[PDB]
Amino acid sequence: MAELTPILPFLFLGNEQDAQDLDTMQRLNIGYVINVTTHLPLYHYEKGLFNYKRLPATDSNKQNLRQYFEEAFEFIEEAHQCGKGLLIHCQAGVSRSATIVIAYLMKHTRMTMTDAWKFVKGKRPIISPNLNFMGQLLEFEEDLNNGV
């Protein structure tokens, strides 16, 4: 039903149609959800199962995602520390969600921007591009290899 592309054993990437698959989320022991949109609903919120973080962003040329980098990392860390998986998603392009996942890999695995990009690409091949987001990731790499 839902490709919940597993980036790491505790970190899953998907689109809106993927976040609407409760069985899959429970099969994979997901307890945390990051919704990187403004307008989509927090699926299954009324069910009392998951914890959530909305990152209110749009697939745009002007959207800043680096602001939400530290937030998303602290949630990823709570899910792992608490031994449960996290699904970060947005919509069809997974452009917004994939930017954040990559950002995580570059900081917490210390990959390069491109090395993480080859890593994510290989697992989920279809990923709408966004040159605005790529620039922020490169800005992030500079800042990680500098200590800032």
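Counting begins at 1, following the sequence as shown.
Taking only CA atoms, the mean B-factor in the PDB entry is higher for 15 to 23 than for the other of 128 to 136 and 15 to 23.
Sort the modelled residues of the chain by CA B factor and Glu70 lands in the highest third. Per-chain ranking of the deposited C-alpha B factor places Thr58 in the highest third. Per the PDB record, residue ranking by Cα B-factor puts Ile102 in the middle third of the chain. Among the modelled residues of the chain, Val94 sits in the lowest third by CA temperature factor in this PDB entry.
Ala2 sits in the highest third of its chain by CA B factor, as recorded in the PDB entry.
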